[PDB]
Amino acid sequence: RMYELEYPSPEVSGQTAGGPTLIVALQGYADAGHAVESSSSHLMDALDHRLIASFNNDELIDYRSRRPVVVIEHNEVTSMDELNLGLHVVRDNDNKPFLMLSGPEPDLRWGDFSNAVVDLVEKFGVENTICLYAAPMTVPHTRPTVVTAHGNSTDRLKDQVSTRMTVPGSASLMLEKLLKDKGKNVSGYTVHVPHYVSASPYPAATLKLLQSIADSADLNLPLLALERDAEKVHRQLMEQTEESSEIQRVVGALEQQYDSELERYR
């Protein structure tokens, strides 16, 4: 109803025993630096992936809301963004399998959607689920990207800066709560991206999320291109900041906040 199983079904074959981890990367909720969507597209570009299930966008999408992009060329509609919301099996650089659910966060039917996904985690013997978030924070581009973690399998992440807070709901948050309630392992990882940079792609944040997954799911992920991309935008941001004194004042101010907060947390 929510989704359709691919035929024939791809095999999730671990030469490694123990269930795969599931990575949830839904675009439309917390997309600072485009880090969440950049995470899934990067893995898809660099690794062998196979489609397991496609969700039905007619059950799930408010299209006047999303207006999937159309290409007109040679005077005809040549292309419309399909906005695939799909479950994949992806092989890391050792061919170790993991699962990815990526695409648009649904507009609709969050209850049925999260039940569908929980059914899928049971069907594929998933042992951990990690959801990805990218949040704009009062931080400078001159300090390391911080990740915070919530959930019951947070222990698996070695680089982590983790009080009571109230946030707008998201499909992935409903999903986490449902997994928790069912006694399954589940975390959400949120990368903190400088607010003055959140509207644009910010590769350091994508890198940080992917490093967090590589570490806690024990995956061998190819991340060197994103390191170079991060180098580039950083060199770029440094000109923009050195060619102006008022920006140069905010960054020092934010660095001080960060370094002072760093001691406090340590």
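A residue's number is simply how far along the shown sequence it sits, counting from 1.
Undergrad: According to the entry, how many residues of the deposited sequence fall between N84 and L85 and are not modelled? Options: none, 1 to 3, 4 to 9, 10 or more.
TA: Missing residues, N84 to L85: none.
Undergrad: Test of understanding: from the entry's C-alpha B-factors, which stretch has the higher mean, 255 to 263 or 1 to 9?
TA: 255 to 263 has the higher mean C-alpha B-factor.
Undergrad: Between 100 to 108 and 142 to 150, which has the larger average Cα B-factor in the PDB entry?
TA: Taking the mean B-factor of the alpha carbons in each, 142 to 150 is higher.
Undergrad: Of the options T129, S170, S114, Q160, which has the highest CA B factor as deposited?
TA: Top of the list by C-alpha B-factor: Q160.
Undergrad: Out of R66, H34, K208, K232, whose C-alpha atom has the biggest B factor in the entry?
TA: Out of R66, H34, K208, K232, the record gives the largest C-alpha B-factor to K232.
Undergrad: When the deposited Cα B-factors of this chain's modelled residues are ordered and cut into thirds, is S187 in the lowest, the middle or the highest one?
TA: Lowest third, going by the recorded CA B-factors of the chain.
Undergrad: How does the C-alpha B factor of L47 compare with the rest of the chain: lowest, middle or highest third?
TA: Answer is middle: the recorded C-alpha B-factor places it there.
Undergrad: Among all modelled residues of this chain, ranked by Cα B factor, put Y133 in the bottom, middle or top third, i.e. lowest, middle or highest.
TA: CA B-factor rank for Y133: lowest third.
Undergrad: Place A204 in the lowest, middle or highest third of its chain's C-alpha B-factors, as listed in the PDB entry.
TA: Within its chain, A204 is a lowest-third residue by C-alpha B-factor, going by the deposited values.
Undergrad: Once the chain's modelled residues are ordered by C-alpha B factor and cut into thirds, is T241 in the lowest, middle or highest one?
TA: It falls in the top third of the chain.
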